[PDB]
file structure.txt (compact mmCIF, N, CA and C atoms and all ligand atoms)
# COMPACT_ATOMS: atom_id res chain seq x y z
N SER A 42 0.83 -1.20 0.00
CA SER A 42 0.00 0.00 0.00
C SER A 42 0.87 1.25 0.00
N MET A 43 0.56 2.20 -0.89
CA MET A 43 1.35 3.42 -1.02
C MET A 43 0.44 4.56 -1.44
N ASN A 44 0.42 5.65 -0.64
CA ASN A 44 -0.27 6.86 -1.08
C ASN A 44 0.60 7.61 -2.09
N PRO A 45 -0.01 8.25 -3.07
CA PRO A 45 0.74 9.12 -3.96
C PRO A 45 1.05 10.44 -3.28
N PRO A 46 1.96 11.23 -3.83
CA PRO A 46 2.12 12.61 -3.37
C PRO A 46 0.80 13.34 -3.44
N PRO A 47 0.48 14.17 -2.44
CA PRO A 47 -0.77 14.93 -2.49
C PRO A 47 -0.66 16.08 -3.47
N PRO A 48 -1.78 16.69 -3.84
CA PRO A 48 -1.74 17.81 -4.79
C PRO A 48 -0.92 18.98 -4.27
N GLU A 49 -0.32 19.73 -5.19
CA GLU A 49 0.50 20.87 -4.78
C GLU A 49 -0.38 21.97 -4.19
N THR A 50 0.19 22.74 -3.26
CA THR A 50 -0.48 23.91 -2.72
C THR A 50 0.31 25.19 -2.95
N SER A 51 1.51 25.09 -3.52
CA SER A 51 2.29 26.26 -3.90
C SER A 51 2.98 25.97 -5.23
N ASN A 52 3.25 27.03 -5.98
CA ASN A 52 3.88 26.89 -7.28
C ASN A 52 4.34 28.27 -7.74
N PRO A 53 5.61 28.62 -7.56
CA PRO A 53 6.04 29.99 -7.86
C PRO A 53 5.86 30.39 -9.31
N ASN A 54 5.83 29.44 -10.24
CA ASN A 54 5.63 29.80 -11.64
C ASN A 54 4.17 29.81 -12.06
N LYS A 55 3.26 29.58 -11.15
CA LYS A 55 1.85 29.71 -11.53
C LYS A 55 1.39 31.16 -11.34
N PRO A 56 0.64 31.72 -12.28
CA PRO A 56 0.11 33.07 -12.07
C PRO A 56 -1.06 33.02 -11.10
N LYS A 57 -1.12 34.02 -10.22
CA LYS A 57 -2.13 34.04 -9.17
C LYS A 57 -2.63 35.47 -8.98
N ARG A 58 -3.84 35.57 -8.44
CA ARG A 58 -4.46 36.86 -8.14
C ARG A 58 -5.24 36.75 -6.84
N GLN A 59 -5.45 37.90 -6.20
CA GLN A 59 -6.28 37.98 -5.00
C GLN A 59 -7.53 38.77 -5.37
N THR A 60 -8.63 38.06 -5.64
CA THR A 60 -9.87 38.67 -6.08
C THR A 60 -10.91 38.60 -4.98
N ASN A 61 -11.92 39.47 -5.08
CA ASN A 61 -12.98 39.47 -4.09
C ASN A 61 -13.68 38.12 -4.05
N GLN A 62 -13.92 37.52 -5.21
CA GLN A 62 -14.59 36.22 -5.25
C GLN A 62 -13.75 35.13 -4.58
N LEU A 63 -12.43 35.14 -4.79
CA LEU A 63 -11.60 34.14 -4.12
C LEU A 63 -11.59 34.37 -2.61
N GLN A 64 -11.52 35.63 -2.17
CA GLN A 64 -11.62 35.90 -0.74
C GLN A 64 -12.91 35.33 -0.17
N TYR A 65 -14.01 35.48 -0.90
CA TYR A 65 -15.31 34.98 -0.45
C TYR A 65 -15.34 33.46 -0.44
N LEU A 66 -14.72 32.83 -1.44
CA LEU A 66 -14.65 31.37 -1.44
C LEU A 66 -13.92 30.84 -0.21
N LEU A 67 -12.95 31.58 0.33
CA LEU A 67 -12.30 31.13 1.55
C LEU A 67 -13.12 31.51 2.79
N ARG A 68 -13.41 32.80 2.95
CA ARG A 68 -14.02 33.27 4.19
C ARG A 68 -15.42 32.71 4.41
N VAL A 69 -16.20 32.53 3.34
CA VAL A 69 -17.60 32.14 3.44
C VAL A 69 -17.82 30.71 2.97
N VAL A 70 -17.44 30.40 1.73
CA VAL A 70 -17.82 29.11 1.17
C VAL A 70 -17.07 27.98 1.86
N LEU A 71 -15.74 28.02 1.81
CA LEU A 71 -14.96 26.93 2.40
C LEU A 71 -15.21 26.85 3.90
N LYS A 72 -15.14 27.99 4.59
CA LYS A 72 -15.22 27.94 6.05
C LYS A 72 -16.61 27.53 6.53
N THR A 73 -17.65 27.77 5.73
CA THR A 73 -18.97 27.26 6.11
C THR A 73 -19.05 25.75 5.89
N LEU A 74 -18.66 25.27 4.71
CA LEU A 74 -18.67 23.83 4.47
C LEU A 74 -17.85 23.09 5.51
N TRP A 75 -16.73 23.69 5.93
CA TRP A 75 -15.77 23.00 6.79
C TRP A 75 -16.40 22.60 8.12
N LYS A 76 -17.36 23.39 8.60
CA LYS A 76 -17.97 23.19 9.91
C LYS A 76 -19.17 22.25 9.87
N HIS A 77 -19.63 21.88 8.68
CA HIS A 77 -20.77 20.98 8.53
C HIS A 77 -20.45 19.62 9.15
N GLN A 78 -21.49 18.97 9.70
CA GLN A 78 -21.30 17.68 10.37
C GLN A 78 -20.76 16.61 9.42
N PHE A 79 -20.97 16.76 8.11
CA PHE A 79 -20.52 15.78 7.13
C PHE A 79 -19.18 16.13 6.50
N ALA A 80 -18.50 17.18 6.97
CA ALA A 80 -17.33 17.68 6.27
C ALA A 80 -16.08 16.86 6.54
N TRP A 81 -15.99 16.22 7.69
CA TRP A 81 -14.70 15.68 8.14
C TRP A 81 -14.05 14.71 7.16
N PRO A 82 -14.76 13.85 6.41
CA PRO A 82 -14.05 12.94 5.50
C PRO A 82 -13.38 13.66 4.35
N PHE A 83 -13.73 14.92 4.12
CA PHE A 83 -13.26 15.71 2.99
C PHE A 83 -12.17 16.70 3.37
N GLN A 84 -11.77 16.74 4.65
CA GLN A 84 -10.88 17.79 5.14
C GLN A 84 -9.40 17.47 4.93
N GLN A 85 -9.06 16.34 4.32
CA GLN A 85 -7.66 16.01 4.07
C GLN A 85 -7.60 15.04 2.90
N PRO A 86 -6.44 14.91 2.26
CA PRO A 86 -6.30 13.91 1.19
C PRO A 86 -6.63 12.52 1.71
N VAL A 87 -7.27 11.73 0.85
CA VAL A 87 -7.57 10.35 1.21
C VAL A 87 -6.27 9.64 1.54
N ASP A 88 -6.17 9.12 2.76
CA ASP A 88 -5.04 8.28 3.16
C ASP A 88 -5.48 6.84 2.94
N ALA A 89 -5.15 6.29 1.77
CA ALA A 89 -5.64 4.96 1.42
C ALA A 89 -4.97 3.86 2.24
N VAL A 90 -3.79 4.11 2.80
CA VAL A 90 -3.15 3.12 3.68
C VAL A 90 -3.82 3.11 5.04
N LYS A 91 -4.04 4.30 5.62
CA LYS A 91 -4.73 4.38 6.91
C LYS A 91 -6.14 3.82 6.81
N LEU A 92 -6.90 4.26 5.80
CA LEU A 92 -8.30 3.88 5.65
C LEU A 92 -8.48 2.50 5.04
N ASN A 93 -7.39 1.82 4.68
CA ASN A 93 -7.46 0.48 4.09
C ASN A 93 -8.34 0.48 2.83
N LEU A 94 -8.03 1.42 1.93
CA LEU A 94 -8.69 1.54 0.63
C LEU A 94 -7.66 1.37 -0.49
N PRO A 95 -7.05 0.19 -0.60
CA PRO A 95 -5.92 0.03 -1.54
C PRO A 95 -6.27 0.26 -2.99
N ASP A 96 -7.55 0.21 -3.37
CA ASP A 96 -7.94 0.49 -4.74
C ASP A 96 -8.20 1.97 -5.01
N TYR A 97 -8.10 2.84 -3.99
CA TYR A 97 -8.56 4.22 -4.18
C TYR A 97 -7.78 4.92 -5.27
N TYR A 98 -6.45 4.91 -5.17
CA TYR A 98 -5.66 5.60 -6.18
C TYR A 98 -5.39 4.73 -7.39
N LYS A 99 -5.95 3.53 -7.42
CA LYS A 99 -6.05 2.80 -8.68
C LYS A 99 -7.18 3.35 -9.53
N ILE A 100 -8.18 3.95 -8.89
CA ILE A 100 -9.38 4.44 -9.55
C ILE A 100 -9.35 5.96 -9.71
N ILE A 101 -8.95 6.69 -8.67
CA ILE A 101 -8.98 8.14 -8.67
C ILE A 101 -7.60 8.66 -9.07
N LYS A 102 -7.52 9.37 -10.19
CA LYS A 102 -6.25 9.82 -10.71
C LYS A 102 -6.04 11.32 -10.60
N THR A 103 -7.08 12.09 -10.27
CA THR A 103 -6.95 13.53 -9.99
C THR A 103 -7.55 13.81 -8.62
N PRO A 104 -6.87 13.41 -7.55
CA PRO A 104 -7.45 13.56 -6.20
C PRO A 104 -7.60 15.02 -5.81
N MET A 105 -8.59 15.28 -4.97
CA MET A 105 -8.78 16.63 -4.43
C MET A 105 -9.59 16.54 -3.14
N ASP A 106 -9.33 17.48 -2.23
CA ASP A 106 -9.96 17.51 -0.91
C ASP A 106 -10.01 18.96 -0.43
N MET A 107 -10.85 19.22 0.58
CA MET A 107 -11.01 20.59 1.07
C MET A 107 -9.78 21.08 1.84
N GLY A 108 -8.98 20.19 2.41
CA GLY A 108 -7.75 20.64 3.03
C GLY A 108 -6.80 21.23 2.01
N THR A 109 -6.65 20.55 0.87
CA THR A 109 -5.85 21.08 -0.22
C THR A 109 -6.42 22.39 -0.72
N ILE A 110 -7.74 22.45 -0.89
CA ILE A 110 -8.37 23.69 -1.35
C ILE A 110 -8.12 24.81 -0.35
N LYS A 111 -8.33 24.54 0.95
CA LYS A 111 -8.08 25.55 1.98
C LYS A 111 -6.66 26.09 1.90
N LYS A 112 -5.67 25.20 1.78
CA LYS A 112 -4.29 25.67 1.73
C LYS A 112 -4.02 26.44 0.44
N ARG A 113 -4.59 25.98 -0.68
CA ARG A 113 -4.48 26.72 -1.94
C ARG A 113 -5.07 28.13 -1.79
N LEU A 114 -6.25 28.23 -1.18
CA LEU A 114 -6.85 29.55 -0.96
C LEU A 114 -5.98 30.41 -0.04
N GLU A 115 -5.55 29.84 1.09
CA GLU A 115 -4.77 30.60 2.06
C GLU A 115 -3.42 31.04 1.49
N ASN A 116 -2.88 30.29 0.53
CA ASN A 116 -1.58 30.55 -0.06
C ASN A 116 -1.66 31.33 -1.36
N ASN A 117 -2.83 31.87 -1.69
CA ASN A 117 -3.01 32.64 -2.92
C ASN A 117 -2.57 31.84 -4.14
N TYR A 118 -3.05 30.60 -4.23
CA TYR A 118 -2.64 29.72 -5.32
C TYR A 118 -3.41 29.97 -6.61
N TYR A 119 -4.63 30.50 -6.53
CA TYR A 119 -5.54 30.55 -7.67
C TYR A 119 -5.44 31.86 -8.44
N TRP A 120 -5.76 31.79 -9.73
CA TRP A 120 -5.94 32.99 -10.54
C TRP A 120 -7.37 33.51 -10.50
N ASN A 121 -8.37 32.62 -10.39
CA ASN A 121 -9.75 33.09 -10.36
C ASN A 121 -10.64 32.06 -9.66
N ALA A 122 -11.91 32.45 -9.48
CA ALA A 122 -12.82 31.66 -8.66
C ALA A 122 -13.18 30.38 -9.38
N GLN A 123 -13.23 30.43 -10.70
CA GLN A 123 -13.59 29.24 -11.47
C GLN A 123 -12.59 28.12 -11.23
N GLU A 124 -11.29 28.46 -11.17
CA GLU A 124 -10.28 27.44 -10.85
C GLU A 124 -10.58 26.77 -9.52
N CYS A 125 -10.95 27.56 -8.51
CA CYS A 125 -11.23 26.99 -7.20
C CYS A 125 -12.49 26.14 -7.24
N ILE A 126 -13.54 26.65 -7.90
CA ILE A 126 -14.78 25.90 -8.05
C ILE A 126 -14.52 24.56 -8.72
N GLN A 127 -13.65 24.56 -9.74
CA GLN A 127 -13.30 23.31 -10.41
C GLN A 127 -12.70 22.31 -9.43
N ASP A 128 -11.89 22.78 -8.48
CA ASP A 128 -11.34 21.85 -7.50
C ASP A 128 -12.44 21.25 -6.63
N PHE A 129 -13.38 22.08 -6.17
CA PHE A 129 -14.53 21.53 -5.45
C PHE A 129 -15.25 20.47 -6.28
N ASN A 130 -15.52 20.78 -7.55
CA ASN A 130 -16.23 19.84 -8.43
C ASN A 130 -15.46 18.53 -8.57
N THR A 131 -14.13 18.62 -8.72
CA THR A 131 -13.30 17.41 -8.78
C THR A 131 -13.44 16.56 -7.52
N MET A 132 -13.39 17.21 -6.35
CA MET A 132 -13.54 16.48 -5.09
C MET A 132 -14.85 15.72 -5.05
N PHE A 133 -15.95 16.39 -5.38
CA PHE A 133 -17.25 15.73 -5.34
C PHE A 133 -17.32 14.61 -6.37
N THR A 134 -16.87 14.90 -7.60
CA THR A 134 -16.92 13.89 -8.66
C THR A 134 -16.10 12.66 -8.30
N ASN A 135 -14.91 12.85 -7.72
CA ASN A 135 -14.11 11.70 -7.30
C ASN A 135 -14.90 10.80 -6.35
N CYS A 136 -15.61 11.41 -5.41
CA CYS A 136 -16.38 10.64 -4.45
C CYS A 136 -17.44 9.80 -5.14
N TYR A 137 -18.12 10.38 -6.15
CA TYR A 137 -19.14 9.62 -6.87
C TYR A 137 -18.53 8.54 -7.76
N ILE A 138 -17.32 8.78 -8.28
CA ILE A 138 -16.66 7.78 -9.12
C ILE A 138 -16.24 6.58 -8.28
N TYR A 139 -15.57 6.83 -7.15
CA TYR A 139 -15.04 5.73 -6.37
C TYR A 139 -16.14 4.96 -5.64
N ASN A 140 -17.29 5.58 -5.38
CA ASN A 140 -18.33 4.92 -4.59
C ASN A 140 -19.59 4.70 -5.42
N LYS A 141 -20.69 4.35 -4.74
CA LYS A 141 -21.96 4.00 -5.36
C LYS A 141 -23.08 4.82 -4.74
N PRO A 142 -24.17 5.04 -5.48
CA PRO A 142 -25.32 5.72 -4.88
C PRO A 142 -25.81 4.93 -3.68
N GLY A 143 -26.11 5.64 -2.61
CA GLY A 143 -26.55 5.04 -1.38
C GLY A 143 -25.47 4.85 -0.33
N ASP A 144 -24.20 4.88 -0.71
CA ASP A 144 -23.15 4.76 0.30
C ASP A 144 -23.20 5.94 1.26
N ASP A 145 -22.87 5.69 2.53
CA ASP A 145 -22.86 6.79 3.50
C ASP A 145 -22.01 7.97 3.02
N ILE A 146 -20.81 7.70 2.50
CA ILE A 146 -19.93 8.80 2.10
C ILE A 146 -20.57 9.59 0.96
N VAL A 147 -21.36 8.91 0.12
CA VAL A 147 -22.02 9.58 -1.01
C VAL A 147 -23.16 10.47 -0.51
N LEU A 148 -23.95 9.99 0.46
CA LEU A 148 -24.96 10.85 1.08
C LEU A 148 -24.31 12.09 1.67
N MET A 149 -23.12 11.93 2.24
CA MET A 149 -22.40 13.07 2.79
C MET A 149 -21.97 14.04 1.69
N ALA A 150 -21.40 13.52 0.59
CA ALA A 150 -20.98 14.40 -0.50
C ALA A 150 -22.16 15.12 -1.12
N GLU A 151 -23.28 14.41 -1.30
CA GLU A 151 -24.47 15.04 -1.88
C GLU A 151 -24.95 16.22 -1.05
N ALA A 152 -24.99 16.05 0.28
CA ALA A 152 -25.37 17.14 1.16
C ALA A 152 -24.42 18.32 1.01
N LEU A 153 -23.11 18.07 1.06
CA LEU A 153 -22.14 19.15 0.91
C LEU A 153 -22.23 19.81 -0.46
N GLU A 154 -22.44 19.01 -1.51
CA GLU A 154 -22.51 19.58 -2.86
C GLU A 154 -23.68 20.54 -2.99
N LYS A 155 -24.84 20.18 -2.43
CA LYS A 155 -25.99 21.08 -2.51
C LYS A 155 -25.73 22.36 -1.72
N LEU A 156 -25.14 22.25 -0.52
CA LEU A 156 -24.76 23.44 0.24
C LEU A 156 -23.77 24.28 -0.55
N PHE A 157 -22.77 23.63 -1.15
CA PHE A 157 -21.78 24.34 -1.96
C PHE A 157 -22.44 25.13 -3.07
N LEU A 158 -23.31 24.48 -3.84
CA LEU A 158 -23.99 25.17 -4.93
C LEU A 158 -24.83 26.34 -4.41
N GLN A 159 -25.51 26.15 -3.28
CA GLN A 159 -26.29 27.24 -2.70
C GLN A 159 -25.41 28.45 -2.41
N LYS A 160 -24.19 28.21 -1.92
CA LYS A 160 -23.33 29.32 -1.53
C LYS A 160 -22.70 30.02 -2.73
N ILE A 161 -22.37 29.30 -3.81
CA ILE A 161 -21.78 29.96 -4.97
C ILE A 161 -22.83 30.43 -5.97
N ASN A 162 -24.12 30.25 -5.67
CA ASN A 162 -25.16 30.72 -6.58
C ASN A 162 -25.02 32.21 -6.83
N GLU A 163 -24.65 32.97 -5.80
CA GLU A 163 -24.38 34.40 -5.90
C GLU A 163 -23.02 34.67 -5.27
N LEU A 164 -22.10 35.23 -6.05
CA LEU A 164 -20.80 35.65 -5.57
C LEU A 164 -20.69 37.18 -5.57
N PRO A 165 -19.79 37.74 -4.77
CA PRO A 165 -19.57 39.19 -4.82
C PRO A 165 -19.04 39.62 -6.19
N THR A 166 -19.22 40.90 -6.50
CA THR A 166 -18.82 41.41 -7.81
C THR A 166 -17.33 41.72 -7.83
N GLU A 167 -16.63 41.19 -8.84
CA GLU A 167 -15.22 41.46 -9.04
C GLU A 167 -15.01 42.97 -9.10
N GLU A 168 -14.81 43.59 -7.94
CA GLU A 168 -14.78 45.04 -7.82
C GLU A 168 -13.82 45.71 -8.80
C1 LIG B 1 -14.18 11.63 0.42
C2 LIG B 1 -12.97 10.72 0.31
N1 LIG B 1 -13.43 9.42 0.71
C3 LIG B 1 -13.96 8.35 -0.21
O1 LIG B 1 -14.03 8.46 -1.39
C4 LIG B 1 -14.34 7.11 0.68
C5 LIG B 1 -14.92 5.72 0.42
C6 LIG B 1 -15.17 4.81 1.64
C7 LIG B 1 -14.86 5.27 3.06
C8 LIG B 1 -14.30 6.68 3.26
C9 LIG B 1 -13.89 7.34 4.61
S1 LIG B 1 -14.21 6.56 6.16
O2 LIG B 1 -13.84 5.15 6.27
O3 LIG B 1 -13.62 7.39 7.20
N2 LIG B 1 -15.89 6.76 6.28
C10 LIG B 1 -16.45 8.15 5.97
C11 LIG B 1 -17.87 8.26 6.53
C12 LIG B 1 -18.78 7.26 6.00
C13 LIG B 1 -18.26 5.90 6.15
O4 LIG B 1 -19.12 4.98 5.43
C14 LIG B 1 -16.83 5.79 5.59
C15 LIG B 1 -13.35 8.76 4.74
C16 LIG B 1 -13.13 9.60 3.48
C17 LIG B 1 -13.51 8.92 2.14
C18 LIG B 1 -14.07 7.51 2.06
call {"tool": "encode", "arguments": {"input": "structure.txt", "output": "structure tokens"}}
result
Amino acid sequence: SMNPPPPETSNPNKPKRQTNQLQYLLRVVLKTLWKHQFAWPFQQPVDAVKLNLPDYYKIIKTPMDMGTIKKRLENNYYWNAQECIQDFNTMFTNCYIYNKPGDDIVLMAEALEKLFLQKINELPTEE
């Protein structure tokens, strides 16, 4: 059993910006999801050795989690809000790919995804 390297959270050659929408994705969107009762399985990269999921990284090839997103946001990693939203979408999609409808973890992702969409339905205006 071997975990892969987790996704990067810094990259000096990547272009980045500090926009009002990205600030909101950290202060409001991420920090609200983070406190939800169903958030904890999503707060760090899947540790497939700890969790005894040896097929996880056989199936999931673009891993993503809210801990990585949080550090990317805190480290000014993104150029725009769409990039960050894409990471959220990847996290949710990975969960549906690796699992099945009805699994507890899937019920958890579905709840978070609906909350996520509710929060990004309206974003602040790129001042
Ligand atoms: C979101 C990333 N991710 C998966 O894709 C996934 C698949 C099966 C279990 C599991 C666990 S768990 O064992 O801690 N637990 C979580 C709560 C519900 C339980 O059924 C299982 C934590 C995080 C996970 C998984």
call {"tool": "residues_around", "arguments": {"input": "structure.txt", "residues": "residue A:105", "least_positions_apart": "2", "cutoff": "6 Å", "atoms": "all atoms listed in the file", "output": "count of residues only"}}
result
4
call {"tool": "atom_distance", "arguments": {"input": "structure.txt", "atom1": "atom N of residue A:140", "atom2": "atom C5 of ligand LIG 1 (chain B)"}}
result
6.3 Å
call {"tool": "atom_distance", "arguments": {"input": "structure.txt", "atom1": "atom N of residue A:164", "atom2": "atom CA of residue A:71"}}
result
13.8 Å
call {"tool": "atom_distance", "arguments": {"input": "structure.txt", "atom1": "atom C of residue A:152", "atom2": "atom CA of residue A:90"}}
result
26.3 Å
call {"tool": "residues_near_ligand", "arguments": {"input": "structure.txt", "ligand": "ligand LIG 1 (chain B)", "cutoff": "6 Å", "atoms": "only N, CA and C atoms and all ligand atoms", "output": "JSON, numbers by chain"}}
result
{"A": [82, 83, 87, 92, 135, 136, 139, 140, 144, 145, 146]}
call {"tool": "residues_near_point", "arguments": {"input": "structure.txt", "point": "(-11.6, 30.9, -11.3)", "cutoff": "12 Å", "atoms": "only C-alpha atoms", "output": "PDB file with N, CA and C atoms, keeping the file's coordinate frame"}}
result
ATOM      1  N   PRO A  56       0.640  31.720 -12.280  1.00  0.00           N
ATOM      2  CA  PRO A  56       0.110  33.070 -12.070  1.00  0.00           C
ATOM      3  C   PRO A  56      -1.060  33.020 -11.100  1.00  0.00           C
ATOM      4  N   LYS A  57      -1.120  34.020 -10.220  1.00  0.00           N
ATOM      5  CA  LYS A  57      -2.130  34.040  -9.170  1.00  0.00           C
ATOM      6  C   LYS A  57      -2.630  35.470  -8.980  1.00  0.00           C
ATOM      7  N   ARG A  58      -3.840  35.570  -8.440  1.00  0.00           N
ATOM      8  CA  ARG A  58      -4.460  36.860  -8.140  1.00  0.00           C
ATOM      9  C   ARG A  58      -5.240  36.750  -6.840  1.00  0.00           C
ATOM     10  N   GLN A  59      -5.450  37.900  -6.200  1.00  0.00           N
ATOM     11  CA  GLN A  59      -6.280  37.980  -5.000  1.00  0.00           C
ATOM     12  C   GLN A  59      -7.530  38.770  -5.370  1.00  0.00           C
ATOM     13  N   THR A  60      -8.630  38.060  -5.640  1.00  0.00           N
ATOM     14  CA  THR A  60      -9.870  38.670  -6.080  1.00  0.00           C
ATOM     15  C   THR A  60     -10.910  38.600  -4.980  1.00  0.00           C
ATOM     16  N   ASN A  61     -11.920  39.470  -5.080  1.00  0.00           N
ATOM     17  CA  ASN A  61     -12.980  39.470  -4.090  1.00  0.00           C
ATOM     18  C   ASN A  61     -13.680  38.120  -4.050  1.00  0.00           C
ATOM     19  N   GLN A  62     -13.920  37.520  -5.210  1.00  0.00           N
ATOM     20  CA  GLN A  62     -14.590  36.220  -5.250  1.00  0.00           C
ATOM     21  C   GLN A  62     -13.750  35.130  -4.580  1.00  0.00           C
ATOM     22  N   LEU A  63     -12.430  35.140  -4.790  1.00  0.00           N
ATOM     23  CA  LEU A  63     -11.600  34.140  -4.120  1.00  0.00           C
ATOM     24  C   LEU A  63     -11.590  34.370  -2.610  1.00  0.00           C
ATOM     25  N   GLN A  64     -11.520  35.630  -2.170  1.00  0.00           N
ATOM     26  CA  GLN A  64     -11.620  35.900  -0.740  1.00  0.00           C
ATOM     27  C   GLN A  64     -12.910  35.330  -0.170  1.00  0.00           C
ATOM     28  N   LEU A  66     -14.720  32.830  -1.440  1.00  0.00           N
ATOM     29  CA  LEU A  66     -14.650  31.370  -1.440  1.00  0.00           C
ATOM     30  C   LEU A  66     -13.920  30.840  -0.210  1.00  0.00           C
ATOM     31  N   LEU A 114      -6.250  28.230  -1.180  1.00  0.00           N
ATOM     32  CA  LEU A 114      -6.850  29.550  -0.960  1.00  0.00           C
ATOM     33  C   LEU A 114      -5.980  30.410  -0.040  1.00  0.00           C
ATOM     34  N   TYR A 118      -3.050  30.600  -4.230  1.00  0.00           N
ATOM     35  CA  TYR A 118      -2.640  29.720  -5.320  1.00  0.00           C
ATOM     36  C   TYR A 118      -3.410  29.970  -6.610  1.00  0.00           C
ATOM     37  N   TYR A 119      -4.630  30.500  -6.530  1.00  0.00           N
ATOM     38  CA  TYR A 119      -5.540  30.550  -7.670  1.00  0.00           C
ATOM     39  C   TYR A 119      -5.440  31.860  -8.440  1.00  0.00           C
ATOM     40  N   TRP A 120      -5.760  31.790  -9.730  1.00  0.00           N
ATOM     41  CA  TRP A 120      -5.940  32.990 -10.540  1.00  0.00           C
ATOM     42  C   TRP A 120      -7.370  33.510 -10.500  1.00  0.00           C
ATOM     43  N   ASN A 121      -8.370  32.620 -10.390  1.00  0.00           N
ATOM     44  CA  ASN A 121      -9.750  33.090 -10.360  1.00  0.00           C
ATOM     45  C   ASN A 121     -10.640  32.060  -9.660  1.00  0.00           C
ATOM     46  N   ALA A 122     -11.910  32.450  -9.480  1.00  0.00           N
ATOM     47  CA  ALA A 122     -12.820  31.660  -8.660  1.00  0.00           C
ATOM     48  C   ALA A 122     -13.180  30.380  -9.380  1.00  0.00           C
ATOM     49  N   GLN A 123     -13.230  30.430 -10.700  1.00  0.00           N
ATOM     50  CA  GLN A 123     -13.590  29.240 -11.470  1.00  0.00           C
ATOM     51  C   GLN A 123     -12.590  28.120 -11.230  1.00  0.00           C
ATOM     52  N   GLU A 124     -11.290  28.460 -11.170  1.00  0.00           N
ATOM     53  CA  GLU A 124     -10.280  27.440 -10.850  1.00  0.00           C
ATOM     54  C   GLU A 124     -10.580  26.770  -9.520  1.00  0.00           C
ATOM     55  N   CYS A 125     -10.950  27.560  -8.510  1.00  0.00           N
ATOM     56  CA  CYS A 125     -11.230  26.990  -7.200  1.00  0.00           C
ATOM     57  C   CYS A 125     -12.490  26.140  -7.240  1.00  0.00           C
ATOM     58  N   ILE A 126     -13.540  26.650  -7.900  1.00  0.00           N
ATOM     59  CA  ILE A 126     -14.780  25.900  -8.050  1.00  0.00           C
ATOM     60  C   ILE A 126     -14.520  24.560  -8.720  1.00  0.00           C
ATOM     61  N   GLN A 127     -13.650  24.560  -9.740  1.00  0.00           N
ATOM     62  CA  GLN A 127     -13.300  23.310 -10.410  1.00  0.00           C
ATOM     63  C   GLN A 127     -12.700  22.310  -9.430  1.00  0.00           C
ATOM     64  N   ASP A 128     -11.890  22.780  -8.480  1.00  0.00           N
ATOM     65  CA  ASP A 128     -11.340  21.850  -7.500  1.00  0.00           C
ATOM     66  C   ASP A 128     -12.440  21.250  -6.630  1.00  0.00           C
ATOM     67  N   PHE A 129     -13.380  22.080  -6.170  1.00  0.00           N
ATOM     68  CA  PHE A 129     -14.530  21.530  -5.450  1.00  0.00           C
ATOM     69  C   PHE A 129     -15.250  20.470  -6.280  1.00  0.00           C
ATOM     70  N   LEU A 164     -22.100  35.230  -6.050  1.00  0.00           N
ATOM     71  CA  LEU A 164     -20.800  35.650  -5.570  1.00  0.00           C
ATOM     72  C   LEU A 164     -20.690  37.180  -5.570  1.00  0.00           C
ATOM     73  N   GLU A 167     -16.630  41.190  -8.840  1.00  0.00           N
ATOM     74  CA  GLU A 167     -15.220  41.460  -9.040  1.00  0.00           C
ATOM     75  C   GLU A 167     -15.010  42.970  -9.100  1.00  0.00           C
TER      76      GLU A 167
END
call {"tool": "closest_residue", "arguments": {"input": "structure.txt", "among": "A:78, A:44, A:162, A:54", "to": "residue A:98", "atoms": "only N, CA and C atoms"}}
result
A:44
call {"tool": "select_by_dssp", "arguments": {"input": "structure.txt", "residues": "stretch 45-130 of chain A", "states": "alpha helix (DSSP H)", "output": "number ranges by chain"}}
result
A: 61-65, 72-76, 97-100, 107-115, 122-130
call {"tool": "residues_around", "arguments": {"input": "structure.txt", "residues": "residue A:84", "least_positions_apart": "5", "cutoff": "7 Å", "atoms": "all atoms listed in the file", "output": "PyMOL selection string"}}
result
chain A and resi 106-109
call {"tool": "residues_around", "arguments": {"input": "structure.txt", "residues": "residue A:80", "least_positions_apart": "4", "cutoff": "8 Å", "atoms": "only C-alpha atoms", "output": "PyMOL selection string"}}
result
chain A and resi 74-76+84+149+153
call {"tool": "residues_around", "arguments": {"input": "structure.txt", "residues": "stretch 67-69 of chain A", "least_positions_apart": "6", "cutoff": "9 Å", "atoms": "only C-alpha atoms", "output": "ChimeraX atom specification"}}
result
/A:110-111,114-115,160
call {"tool": "write_last_selection", "arguments": {"input": "structure.txt", "atoms": "N, CA and C atoms", "output": "short mmCIF file (atom, residue, chain, number, x, y, z; two decimals), keeping the file's coordinate frame"}}
result
data_model
loop_
_atom_site.label_atom_id
_atom_site.label_comp_id
_atom_site.auth_asym_id
_atom_site.auth_seq_id
_atom_site.Cartn_x
_atom_site.Cartn_y
_atom_site.Cartn_z
N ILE A 110 -7.74 22.45 -0.89
CA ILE A 110 -8.37 23.69 -1.35
C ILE A 110 -8.12 24.81 -0.35
N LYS A 111 -8.33 24.54 0.95
CA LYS A 111 -8.08 25.55 1.98
C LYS A 111 -6.66 26.09 1.90
N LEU A 114 -6.25 28.23 -1.18
CA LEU A 114 -6.85 29.55 -0.96
C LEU A 114 -5.98 30.41 -0.04
N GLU A 115 -5.55 29.84 1.09
CA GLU A 115 -4.77 30.60 2.06
C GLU A 115 -3.42 31.04 1.49
N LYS A 160 -24.19 28.21 -1.92
CA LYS A 160 -23.33 29.32 -1.53
C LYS A 160 -22.70 30.02 -2.73
#
call {"tool": "axis_aligned_box", "arguments": {"input": "structure.txt", "around": "stretch 110-117 of chain A", "padding_each_side": "5 Å", "output": "AutoDock Vina command-line options"}}
result
--center_x -5.0 --center_y 27.5 --center_z -1.0 --size_x 16.8 --size_y 20.2 --size_z 16.2
